[PDB]
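J.: This structure is in structure tokens; I'll ask about it shortly.
Values quoted throughout were computed directly from the atomic coordinates according to the rules given, and no laboratory measurement underlies them. Positions of Cβ are backbone-derived with ideal geometry, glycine not excepted, and every protein chain shown enters the neighbour counts.
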Amino acid sequence: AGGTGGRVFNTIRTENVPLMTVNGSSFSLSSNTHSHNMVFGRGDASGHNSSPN
Amino acid sequence: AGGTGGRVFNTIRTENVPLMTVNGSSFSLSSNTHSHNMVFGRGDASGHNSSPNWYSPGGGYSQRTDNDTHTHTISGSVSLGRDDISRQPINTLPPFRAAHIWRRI
Amino acid sequence: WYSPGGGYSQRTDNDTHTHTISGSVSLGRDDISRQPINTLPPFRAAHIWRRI
Amino acid sequence: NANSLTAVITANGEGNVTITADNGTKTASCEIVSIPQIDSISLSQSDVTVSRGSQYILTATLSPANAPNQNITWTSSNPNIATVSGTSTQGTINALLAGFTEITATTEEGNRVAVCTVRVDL
């Protein structure tokens, strides 16, 4: 035996790596109708697939 | 007392219920107004609060004031998110109260 | 659209939506950071090793 | 003590330590564990929503009614978004128009760990 005791390589010790999870959260964003800017007027020529404004 | 000592019944041992907190952070979510496409047909009957779009039609006499070309994107800020993790299990139940060798020479 | 009947014009460019549109969002939270557990001053209390 | 029989202890710091006495002949021992105070304080609000310029005044109530020489070294993560001051009151005056500031208290006379309060700008 030895005067100093330790359990590293092989011994019945305690303590481990905890595992936990976070509760489900949903991100909510508001689509503001302003701040979209504007260029030109009625077509004319308009970019294809552009968002209607 | 005994020849070999340890920290099992009364001592500063390890293992416990993990608890932690996360600092407040801002999460950004962008709600793009495009890519919605078109569904259904010409009314007919249309549900209320429907987003109006353009069909790229050339107005013979009227003016299409509801159709325009986007010039700048829209940036939005999302709300908060999760706070922290929940309780987790520490150690193994079958290995609970495991004996530790501490006998001296 | 507020479901308003067009007085003179024909609002054929506005219609209800029946299929969902896939949207792409940015990154979000990943994991928590390091936190302190227990007190170092009272932690690891010395135990008497005297034999019987 | 005055008669040398008694001994007044004062755990100023933290950590396990032993205190001896009776230097004459045989000296005994007595462990004195300086365990952390862990006086868990609680903020008035945690999920707060600050605005541009306006700063909702908060507070940091400790677990006990009062502490010996109790003080708070108030910190404000992301100080540009908002800042706090004082020990009991916080005063999370905002500067930026958008952001999340993890305003957490810090007991100078006690455990540094304290409850936080995220100040939103939406």
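J.: Out of (1) more than 7 Å from chain A (Cβ to nearest Cβ); (2) touching a residue at least 24 places away in the same chain (Cβ under 8 Å); (3) exposed (fewer than 13 other Cβ atoms within 10 Å of the Cβ), what's the single condition that is false for residue B:87?
T.: (1)
J.: Got at least one residue in the range D:21-39 being free of Cβ contacts under 8 Å to residues at least 60 places away in the same chain, surrounded by 10 or more Cβ atoms within 10 Å (Cβ to Cβ) and touching a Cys at 6+ places or on another chain (Cβ under 9 Å)?
T.: Yes, the range D:21-39 has at least one match.
J.: Right, next: For the range C:1-35, enumerate the residues that are surrounded by fewer than 11 Cβ atoms within 10 Å (Cβ to Cβ) and not small (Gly, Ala, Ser).
T.: Answer for the range C:1-35, where residues must be surrounded by fewer than 11 Cβ atoms within 10 Å (Cβ to Cβ) and not small (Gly, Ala, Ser): C:2, C:4, C:8, C:10, C:18, C:19, C:20, C:27, C:30, C:31, C:34.
J.: What residue, of D:10, D:25, D:20, is closer than 30 Å to residue C:47 by Cβ, among the polar types (S, T, N, Q), in a strand (DSSP E or B) and more than 11 Å from every other protein chain (Cβ to nearest Cβ)?
T.: After ruling out the rest, the residue left standing is D:20.
J.: Examine the range B:41-53 for a residue that is of a type in the set (A, V, I, L, M, F, W, C) and facing another protein chain (nearest Cβ under 7 Å), and state whether such a residue exists.
T.: no
J.: On to the next question. Could you count how many residues in the range B:24-40 are within 14 Å of chain D (Cβ to nearest Cβ) and either of a type in the set (A, V, I, L, M) or free of Cβ contacts under 8 Å to residues at least 40 places away in the same chain (or both)?
T.: Adding up the residues that qualify gives 1.
J.: Which residues, counting only those in the range B:80-95, are under 9 Å from residue B:18 (Cβ atoms), part of a loop (DSSP other than H, G, I, E, B) and among the hydrophobic types (A, V, I, L, M, F, W, C)?
T.: If the condition is that a residue be under 9 Å from residue B:18 (Cβ atoms), part of a loop (DSSP other than H, G, I, E, B) and among the hydrophobic types (A, V, I, L, M, F, W, C), then B:90 is the only one that fits.
J.: Moving on to the next point. Do the conditions hold for residue C:13, that is, is it acidic (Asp, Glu), over 30 Å from residue D:17 (Cα atoms), in contact with a strand residue (DSSP E or B) (Cβ under 9 Å, 6 or more places away or on another chain) and part of a loop (DSSP other than H, G, I, E, B)?
T.: no
J.: Condition test on residue D:48, is it assigned to a strand (DSSP E or B) and either touching a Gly at 6+ places or on another chain (Cβ under 6 Å) or within 14 Å of chain C (Cβ to nearest Cβ) (or both)?
T.: It is false that residue D:48 is assigned to a strand (DSSP E or B) and either touching a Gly at 6+ places or on another chain (Cβ under 6 Å) or within 14 Å of chain C (Cβ to nearest Cβ) (or both).
J.: Can I ask one more? Looking at (1) within 14 Å of another protein chain (Cβ to nearest Cβ); (2) surrounded by fewer than 19 Cβ atoms within 10 Å (Cβ to Cβ), find the lone condition where residue D:61 falls short.
T.: That leaves (1) as the condition not met.
J.: For the range D:96-122, how many residues meet the condition of being under 10 Å from the mean Cα position of the chain (by Cα) and assigned to a loop (DSSP other than H, G, I, E, B)?
T.: 10
J.: Here is a follow-up. Can you name the residue in the range D:65-95 that is part of a loop (DSSP other than H, G, I, E, B) and touching a residue at least 40 places away in the same chain (Cβ under 8 Å) and, of all such residues, is nearest to the other protein chains (Cβ to nearest Cβ)?
T.: D:81
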